[PDB]
There are 2 protein chains.
Amino acid sequence: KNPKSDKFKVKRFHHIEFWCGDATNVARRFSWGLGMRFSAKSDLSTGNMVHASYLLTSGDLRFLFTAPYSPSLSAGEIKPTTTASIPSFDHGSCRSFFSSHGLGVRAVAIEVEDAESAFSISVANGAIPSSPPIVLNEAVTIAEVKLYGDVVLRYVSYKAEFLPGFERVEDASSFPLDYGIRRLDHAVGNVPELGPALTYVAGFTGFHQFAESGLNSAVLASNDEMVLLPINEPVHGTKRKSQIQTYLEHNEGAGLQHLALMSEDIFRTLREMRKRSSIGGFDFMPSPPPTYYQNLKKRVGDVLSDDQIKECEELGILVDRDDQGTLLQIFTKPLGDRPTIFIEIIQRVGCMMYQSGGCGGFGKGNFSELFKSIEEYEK
Amino acid sequence: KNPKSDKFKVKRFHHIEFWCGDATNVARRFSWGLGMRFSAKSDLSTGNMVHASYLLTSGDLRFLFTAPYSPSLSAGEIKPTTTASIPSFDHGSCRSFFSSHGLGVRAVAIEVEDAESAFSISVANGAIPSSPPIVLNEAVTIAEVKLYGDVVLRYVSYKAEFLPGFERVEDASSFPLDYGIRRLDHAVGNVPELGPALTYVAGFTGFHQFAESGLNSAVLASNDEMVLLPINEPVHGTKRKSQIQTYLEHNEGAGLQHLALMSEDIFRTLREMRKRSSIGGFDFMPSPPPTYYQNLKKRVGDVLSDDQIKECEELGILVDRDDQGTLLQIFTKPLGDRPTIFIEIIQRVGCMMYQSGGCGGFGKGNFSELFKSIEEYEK
Ligand SMILES: Nc1ccc(CC(=O)C(=O)O)cc1
Ligand SMILES: Nc1ccc(CC(=O)C(=O)O)cc1
Ligand SMILES: [Co+2]
Ligand SMILES: [Co+2]
């Protein structure tokens, strides 16, 4: 049931912005770890005296890393005369965010038909404004509203290259890494209370609900369900403490928990990333025990060959299936010092019409199948 | 002329500690960029609720990356009950340092015979105390005094493995990278006024002076001249603005400008690092024009073959020579967002007795030779 109730025209995920203490080191680690190319920059070398911002791209995935310079470099400026390429940026907000949360996602950015109208309509419908719409070089409009915690939903719209004042980075500094990642599939928030968070966000977007865990969840989706925003809350009382509660504690409250990155070939992606785990890239969660992969034949031997099922097992991939498609997924260990944000790599198979959004779900069945796997391996 | 006036027994450089906003991402970038192995950790997984600290090693070089957790994780603790492995660590100091300076060196650590005596004697001789001596698990004593800006000189002494409460990292997470770097040769500070800085530091250590630039400098050395601490001040009025003044502006004052890392084979090191420049490692300063390498034969054709001189030119290595030894050197671009700290890779040839410290100097003659090179290449 898709009521198609978006209160404004949403297109697709546009970029994710990390607020960093040092954008250079985070962007370089991510580039090597995820196989993303340095695409654009806005920093001192481009006249930005306010923040250093580095854009990595892989397919349609856009990861932006931003850190503040010393405020002294821009002490003379005012908002009308700012050299910041992202006018929403604030030194105090950025430093406060990073000291409070550590490395994390500041903005989930979605492309819309008209960012001014999206902001207007959202705020008229309960959205807490974060940064009013501003037009950049008469070409791009950007506006921000609070999403949850200190994470903003960022609207971007183009009348008609990332953002004005960003420059394309030199080919000598841009090595064409590509491990197969292609787009952002969904971005997941953790909140203390799911009900109020859902009511707030679905309230101002018109996004619709998309049809001992330690958590409860729900997924908000745009009209074509290409912008998917799951939200988790903890469940208290479990024997094992809720991973959402640990997140909230270590993050100092609500924030973005994981980014799901769609791969055009998850096996190549996971081979390429696992090769680099101990040489500056990302670690992955412990693999499921071989019991899990034996039980895979009875569940998805329809969709995957035994050769491909054993390829999952060597890479530690998880597999789930809806009533419509199959989901291949795996999770990294936390991206930085705190047990907060991590990445999920996914590939979806089925639901060809192009592929419809959410095909195969989000792996909810892998909770049950994993604990059953824990019991069979112990035996 | 070496008066051998150390007021306490100094051994050798022990480690360099970076204060980070996220230690994980900086440590991983550095590991891959410099070919340093993850050696030890102190973080949540080791019971440290205060700071995440990661130790990279290459030979005798020890790079430590530290970042604060949320103070809430340790809100119940007091200094007597702290889970911090580095008792000098302070959340407020660390956050203030990183918001003020960005990514930078907090501590230059030297091993001494008795850290308590070194602190006592230093403070009795004008050193501004930073952290009083503390004994760790009856095994290691650590104390800190101000060096310049917010950089501390850290004394470490062992009665008799990095520090108590650090754990050796699992071999699966420790890939044996090695590009040939072996030890810290010197650590360089930038200050607004060289005179007072020298007087202060030489005052409390007894270290002796080691015998249009835009700067003035001087090198303080321990008794055997294995601990070398150069200090720069700007020279105002130059046509091209002083790089020391730019440092001071972007760093918000005095701090560590560069770390010189000795390589057992600078050609292998520079090949390995340059391979990784655009895939998450470090960039290098622009090479000197081929004029410079032609003029190399007339200056060091004694010490290096023409095959090795052309190997310098492809890697962009600089060469200088004292009256005693030859110095091979190259500089990275800044390590993070701000034009502040960078790394120098060096190899020294000559002065065998082991090799005496400072053999070949520090490249001071490469200022003159470089501008003469600029003039000949233009012709
Ligand atoms: N119950 C539940 C439903 C959906 C999600 C979304 C998601 O992306 C993930 O968990 O990987 C999470 C939990
Ligand atoms: N004049 C002068 C003398 C020594 C140094 C020390 C050093 O390490 C470097 O410059 O690379 C710097 C400048
Ligand atoms: Co997910
Ligand atoms: Co040097």
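The sequence lines fix the lettering, A, B, ..., with proteins before strands; numbering per chain opens at 1.
With A:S99 contributing its side chain and B:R95 its backbone, the two residues share no donor-acceptor pair below 3.5 Å. Distance alone, capped at 3.5 Å, places no donor-acceptor pair between the A:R28 side chain and the B:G33 backbone. No donor-acceptor pair under 3.5 Å is formed between the side chain of B:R29 and the backbone N or O of A:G280.
Looking at B:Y54, only its side chain comes within 4.5 Å of chain A, counting heavy atoms on both sides. In this structure, no portion of B:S31 lies under 4.5 Å from any heavy atom of chain A. Looking at B:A27, neither its backbone nor its side chain comes within 4.5 Å of chain A, counting heavy atoms on both sides. Contacts of B:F65 with chain A are absent, with no heavy-atom separation under 4.5 Å from either backbone or side chain. Neither the backbone nor the side chain of A:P334 comes within less than 4.5 Å of any heavy atom in chain B. Residue contact with chain A, scored on non-hydrogen atoms closer than 4.5 Å, involves the backbone and the side chain of B:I279 alike. Residue contact with chain A, scored on non-hydrogen atoms closer than 4.5 Å, involves the side chain of B:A52 exclusively. Neither the backbone nor the side chain of B:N251 comes within less than 4.5 Å of any heavy atom of chain A.
Looking at every heavy atom in both residues, A:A23 comes nearest to B:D337 through N-OD2, 2.5 Å. When all heavy atoms are compared, the tightest approach of A:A172 to B:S278 is O-OG, 2.9 Å. Across all non-hydrogen atoms, the minimal contact from B:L73 to A:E249 is CD2-O, 4.4 Å.
Per-residue heavy-atom pair counts under 4.5 Å with chain A were compared for B:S173, B:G336, B:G21, and the maximum is reached by B:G336.
A salt bridge between A:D43 and B:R338 is absent, with no side-chain N of the basic residue lying under 4.0 Å from a carboxylate O of the acidic one.
A side chain to side chain contact (heavy atoms under 4.5 Å, CB included) with B:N25 is found for exactly one of A:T24, A:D22, A:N25, A:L103, namely A:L103.
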